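Just the one chain here, the form deposited in one PDB entry, laid out as structure tokens.
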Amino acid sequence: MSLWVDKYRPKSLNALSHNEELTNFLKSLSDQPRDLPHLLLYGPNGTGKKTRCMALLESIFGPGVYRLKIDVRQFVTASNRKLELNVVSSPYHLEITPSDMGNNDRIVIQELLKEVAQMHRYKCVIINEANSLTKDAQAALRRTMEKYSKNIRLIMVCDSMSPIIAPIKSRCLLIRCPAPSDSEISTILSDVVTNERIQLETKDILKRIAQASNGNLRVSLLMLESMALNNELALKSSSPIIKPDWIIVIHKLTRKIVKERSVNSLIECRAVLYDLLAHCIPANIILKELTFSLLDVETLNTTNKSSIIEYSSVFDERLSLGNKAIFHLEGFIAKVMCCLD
């Protein structure tokens, strides 16, 4: 693929240079694939958890695992709300992600598991974004992977278990994929720019990219591609870091909040929130980085920052227990302006 993030992706444990202790543990588990428990890989985003799951599969299932395909099935729920979530099929392993509307994920998971329960011989299943499960598909898994413990193996790819209920953690193995420090991120970026052709004026550009990414390999590779295209394959230390329009408008919103604590300012903040939620960005990370932006302003005091993080936690639990994403964000911003004024 022309994209830079996915060309340079390891295809086995020996090709994995992200970490060594976790590679040792993965090949320790792969040494005896017979007694393999249900896995749960967790960590910050961009650590290659999907890649580690893949490389473990080829360590266990051998070659040919990356020969995936796309299959279409039909799903029936209450009334006649037809669902056609796609399963990413392949020989041996079958891959599917519960990226439904978040209301009827039970039927898809149950149907796929009961269909693959017909028959080395045990079929592993990985589902992504398992944190945002609706607490009911987890209830289905709680029995499905308990009874089908000799034919189906289930692997969790999620960034946290805080939404995950206790039984799922109980009947699964908790292994952690950490994010690397700046130095080995700079090393892997140097390896990449050695593989293809970029002339570097100074080696500090990769360190600055690693600092900007804050522990994310996919973000680092996308940033490297962006700088390579913008600078015509000639990296320069004077070139500033490229930030998303999302973070840019959040920064402008924070500056607007701190410069004017008025109701009208809250109106344009609500308009920006409308547009950003229309850009299909989950509101939890929006609130998280918004609060981190409020805590990264020099003129803020310590009591104001403490109140900001308190309201952050409160509206975070409110956002977790709710569906209207705009309500909690608007309330938190109103409380922030109230605290500042």
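We call the rigid core the largest set of C-alpha positions that still match within 1.5 Å between the two forms. Numbers follow the displayed sequence, beginning with 1.
Although not depicted, the form deposited in another entry is the subject of the following passage.
With the two forms aligned on their rigid core, point out which item of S262, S190, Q211, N103 shifts its C-alpha by 2 Å or more between the shown form and the other one.
Shifted by 2 Å or more: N103 only.
Once the two forms are fit on the core, has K236 moved its CA by at least 2 Å between the shown form and the other one?
False for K236: its C-alpha shift is below 2 Å.
Just checking, between the shown form and the other one and with the core aligned, does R67 shift 2 Å or more at the CA?
No; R67 is a residue whose C-alpha shifts by less than 2 Å between the shown form and the other one when the cores are overlaid.
Residue shift check between the shown form and the other one, rigid core fit, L36 Cα at least 2 Å
Yes.
Answer with closer or farther for the CA-CA spacing of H93 and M101 in the other form compared to the shown form; it moves by 3 Å or more.
So the answer is closer.
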